[PDB]
Amino acid sequence: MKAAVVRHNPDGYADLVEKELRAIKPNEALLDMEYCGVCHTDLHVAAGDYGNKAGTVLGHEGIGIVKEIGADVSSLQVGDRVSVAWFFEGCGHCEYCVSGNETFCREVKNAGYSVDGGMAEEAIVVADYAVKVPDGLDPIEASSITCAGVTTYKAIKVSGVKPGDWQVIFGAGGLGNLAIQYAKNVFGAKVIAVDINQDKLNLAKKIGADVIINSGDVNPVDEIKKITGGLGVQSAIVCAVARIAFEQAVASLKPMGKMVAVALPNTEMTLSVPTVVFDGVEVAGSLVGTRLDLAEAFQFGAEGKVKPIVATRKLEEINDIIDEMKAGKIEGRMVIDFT
Amino acid sequence: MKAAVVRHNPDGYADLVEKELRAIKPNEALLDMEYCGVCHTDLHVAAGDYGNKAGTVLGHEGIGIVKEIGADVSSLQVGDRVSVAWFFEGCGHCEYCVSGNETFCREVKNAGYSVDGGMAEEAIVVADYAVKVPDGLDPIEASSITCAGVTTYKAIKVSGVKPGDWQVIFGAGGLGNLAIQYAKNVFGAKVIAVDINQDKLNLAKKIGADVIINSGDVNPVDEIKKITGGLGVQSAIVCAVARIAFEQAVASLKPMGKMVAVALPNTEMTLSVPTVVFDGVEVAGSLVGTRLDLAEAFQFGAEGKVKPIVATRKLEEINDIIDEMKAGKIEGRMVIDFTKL
Ligand SMILES: [Zn+2]
Ligand SMILES: [Zn+2]
Ligand SMILES: [Zn+2]
Ligand SMILES: [Zn+2]
């Protein structure tokens with residue numbers, strides 16, 4: 001079948017190849033893939049930032065139809081719509097997996113990175129680890145919630161935001177557009193959206209953002225303070241790949257505020273220690289979400305509380321999409337369509 | 001009334017002056033001070049690092065006997081031993097005061113910075129804010145618990161360490177000493193102490209620390225990973241001022257571990273984003289704590305689970321102490337003794 005894979009010399013791009021899948025194991029399932037979104041993490045994978053993965057099928061925003069199941073499978077049946085996510089399989093038994101924190105499993109398998117992901121006509125999944133897409137959720141939309149959605153939904157839970165609090169999102173990209181949507185429609189936060197791209201801000205404003213701020217036109221930190229009463233926001237979710245966004249996020253928090261890093265720029269950030277010490281502010285990383293996080297995240301999509309902004313593309317287009325993402329030209333997600 | 005005050009041109013030193021206090025309002029009390037510890041913060045206020053505070057009485061590690069009470073005061077009576085701490089008074093009604101996080105009050109008054117403190121024979125206090133010192137606690141130890149004590153105690157609370165978890169303390173002297181005592185003796189953590197000074201390490205070993213690591217001689221992060229079974233510690237308290245100590249703390253955290261800074265880095269701290277995200281770590285810091293945190297911190301002192309290193313000096317020696325502290329010659333606290341008898 002046709003698959004997008006990491007190059008023999010990783011350079012940031014995909015090779016399109018014919019691949020034959022091995023036979024399924026007894027707790028596994030075989031999918032006819034329907035859709036796979038392109039996430040910034042695929043690009044980091046393809047670029048070799050996390051080591052050489054030449055030949056690995058990319059993609060961890062996959063939606064597919066179950067074509068075949070192993071003998072031991074009781075959780076899925078043929079014809080089930082399931083997902084292929086960054087969190088592909090955990091060991092099930094470690095302190096992380098057992099305490100509700102399965103993404104941090106040290107023996108984790110990650111789709112499109114340490115195991116063939118979903119950007120191919122067909123994929124193998126471990127059955128009990130492939131979350132069903134609920135009935136009333138459009139498959140193209142489900143593709144975005146599979147990474148972009150569960151990621152930001154979980155990071156907003158990690159931020160400690162309660163309804164009525166001010167929350168700032170740095171980045172209105174595929175990730176940050178959804179973060180906005182969850183923040184406003186699910187968690188009841190008041191939302192500020194910060195980006196360099198006016199067209200993305202404009203869209204932000206239509207899907208939830210209470211206030212938009214272009215950070216090439218003003219100092220976001222100053223403006224954020226003005227908006228909030230002079231203190232700053234309760235939380236900041238960083239969905240921007242720029243160093244400065246992380247640092248502007250920290251300085252924009254009111255005392256006891258929480259910064260949650262979601263974006264993976266290959267970058268260090270400066271940490272204002274006097275800010276954590278005197279103003280009691282917290283900094284934390286959040287990593288996709290558990291199987292339960294994703295189910296909850298799908299369910300809000302199915303209910304229409306979030307509506308991922310999506311456009312379909314052809315597999316042969318993966319490299320055009322990669323350059324488009326690098327150029328910041330993308331609203332929402334581009335989704336590879338295998339139908 | 002003899003008082004130590006910020007000089008007219010703040011120069012890092014104190015003037016010793018005669019001061020006559022105003023009358024006390026109805027919700028306040030007047031104290032006869034027994035003890036006031038000399039803190040690194042007093043040296044910063046005196047230097048003008050925080051703005052020009054000329055004439056302000058210094059000191060936020062005070063312990064004193066209530067001498068007089070305002071007409072509205074029910075919480076204290078003449079003869080009570082109470083404290084004069086960094087957190088001197090909050091507004092009582094803002095989001096921070098009422099949610100249980102009063103230290104962050106935007107109208108906070110701090111002893112020895114924005115209000116006269118406890119480094120004088122006498123102090124005014126707002127009676128409801130002067131936490132009582134429990135009867136089994138040595139008053140001189142109490143002076144130090146009001147700052148270093150509550151600080152390290154509340155930091156360990158925000159770390160989330162639970163009994164049986166590994167915690168690493170970076171920097172074995174100063175704050176670290178008290179931090180090691182709370183973590184082992186109060187919270188039931190397994191404790192690693194990291195420092196460059198073997199003397200300090202051997203002492204810390206004496207007061208509970210399970211593993212000591214000379215960071216002068218080996219990479220701490222590597223030994224810590226080995227100690228803990230490969231992953232790292234659940235949390236790290238940073239009590240050292242060297243930047244490398246912060247970088248090692250974060251790098252030594254198991255996933256979802258939390259670093260709590262109690263000191264400030266000499267050069268800006270950096271974090272690696274991809275690691276923060278893939279390992280889900282957390283970095284915070286803590287300074288002093290609420291009146292309740294202070295009460296609990298005092299109480300563990302009174303049960304004899306923590307014991308700060310303290311020594312007494314005369315008010316007259318205040319500038320000598322400041323010189324000792326810049327020369328880095330003081331283990332624990334020098335505490336100004338006002339008492340007779
Ligand atoms: Zn992703
Ligand atoms: Zn596991
Ligand atoms: Zn102090
Ligand atoms: Zn207040």
Side-chain angles (χ1 to χ4, degrees), chain A residues 36-46 50 58-62 83-106 108-113 117-119 129 143-152 154-155 173-175 178 239 262-264 286-291 294 325 333, chain B residues 36-45 58-62 83-88 110-113 117-119 143-152 174-175 178 231 255 262-263 277-278 287-288 294 308 310 325 330 332-336:
Chain A
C36 195
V38 189
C39 169
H40 227 103
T41 293
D42 292 305
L43 281 59
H44 294 305
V45 176
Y50 315 133
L58 291 148
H60 59 265
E61 293 199 337
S83 67
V84 178
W86 176 252
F87 185 66
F88 174 95
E89 179 184 42
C91 68
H93 60 88
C94 81
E95 59 186 295
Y96 297 100
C97 286
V98 172
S99 61
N101 299 303
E102 62 185 357
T103 68
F104 297 115
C105 188
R106 291 294 89 172
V108 76
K109 288 173 192 87
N110 296 123
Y113 166 63
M119 202 184 289
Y129 282 83
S143 88
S144 303
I145 302 175
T146 306
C147 193
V150 62
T151 293
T152 55
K154 180 50 163 306
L175 219 59
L178 266 173
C239 305
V262 198
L264 296 150
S286 184
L287 176 62
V288 297
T290 70
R291 288 172 293 173
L294 170 60
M325 172 166 314
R333 282 285 192 240
Chain B
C36 191
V38 184
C39 189
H40 83 287
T41 298
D42 306 297
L43 274 63
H44 291 324
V45 172
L58 299 153
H60 60 277
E61 297 185 23
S83 58
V84 180
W86 187 247
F87 180 70
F88 180 93
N110 299 112
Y113 167 63
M119 203 183 285
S143 90
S144 190
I145 299 183
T146 67
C147 186
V150 59
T151 284
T152 54
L175 255 39
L178 266 169
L231 286 209
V262 294
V277 167
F278 278 115
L287 184 63
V288 292
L294 180 53
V310 297
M325 291 184 40
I330 295 155
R333 276 285 189 276
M334 292 291 150
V335 174
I336 307 287

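Every number for a ligand or one of its atoms is a count from 1 in the order of the listing. Convention: sequence-line order gives letters A, B, ...; per-chain numbering from 1. Both backbone and side-chain heavy atoms feed into the values below; hydrogens, waters and symmetry mates do not.
Distance check: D42(A) CG to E61(A) CD gives 7.5 Å after rounding to the nearest 0.5 Å.
Without hydrogens or angle criteria, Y113(A) side chain to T41(A) main chain gives no donor-acceptor distance under 3.5 Å. No side-chain donor-acceptor contact under 3.5 Å links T151(A) to the backbone of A148(A).
Contact annotation: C91(A) places an N, O or S atom under 2.8 Å from the Zn ion (ligand 2).
Protein N/O/S atoms found under 2.8 Å from the Zn ion (ligand 3): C39(B) SG, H60(B) NE2, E61(B) OE2, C147(B) SG.
Seen from the ring of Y129(A), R291(A) counts as a face-on cation partner, given the 6.0 Å and 45° thresholds.
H40(A) pairs by the side-chain contact (heavy atoms from CB on, under 4.5 Å) definition with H44(A), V241(A), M325(A), not counting sequence neighbours. For the side-chain contact (heavy atoms from CB on, under 4.5 Å) test, residues two or more places apart in sequence or in another chain that qualify with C36(A) are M119(A), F338(A). The ring pair (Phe, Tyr, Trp, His ring centres under 6.0 Å) search around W86(B) returns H60(B), not counting sequence neighbours.
Taking the Zn ion (ligand 2) as the corner point, the angle from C94(A) atom SG to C97(A) atom SG is about 110° (rounded to 10 degrees).
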